[PDB]
């Protein structure tokens, strides 16, 4: 997991000209102010009018620099009815979350050794779920109303590997011959899938 802190506070210096290190260099304490341990960025619902039908409002170290070195971060996800936060992976964190409003099918997938078992249930207000580091998982709004959840991670920068978008719309895309062999379907089907992710989102 994230390296442990070596002092009380180390607010990320996010200036583009700052020297680059594992994580982020820190602001001198004299420039950190009094409010760095606090945020209000998650008070408002994200706009769910996206191809997925969900919106992620991130509160990683880039959005909450006071989390730098502390080994944690958060985000909020809002869902239109029938919207999905599609199969995805966090390369560097386990996730722990609570549904705040609505009804969300939450699915978590074991690795090959676990027989690729799918664990899932419809999670409602006040109910929680946990997703081990690096495993594929998703959420899907099964209700008629807008739903949302708030989640936390044991990393300042968990990362997100969106499976459909990286499989079909990476920069540049994976060669079609690789995907026809891997997906066991003809080039026409692979190209149809590529066509849906051509815009980079």
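Numbering follows the first chain given and starts at 1.
- For the segment pair 63 to 71 and 39 to 47, the entry gives 39 to 47 the higher mean B-factor, averaged over Cα atoms.
- Mean CA temperature factor is higher for 110 to 118 when stretches 127 to 135 and 110 to 118 are set side by side in the entry.
- Of the candidates 102, 91, 97, 87, it is 102 whose Cα B-factor is highest according to the PDB record.
- Ranked by Cα temperature factor within the chain, residue 147 sits in the highest third according to the deposited record.
- Residue 33: CA B factor in the highest third of modelled residues in this chain (values from the PDB entry).
- The entry lists a Cα temperature factor for residue 172 that places it in the highest third of the chain's modelled residues.
- Ranked against the other modelled residues of its chain, the C-alpha B-factor of residue 54 as given in the entry falls in the middle third.
- Ranked by Cα temperature factor within the chain, residue 201 sits in the highest third according to the deposited record.
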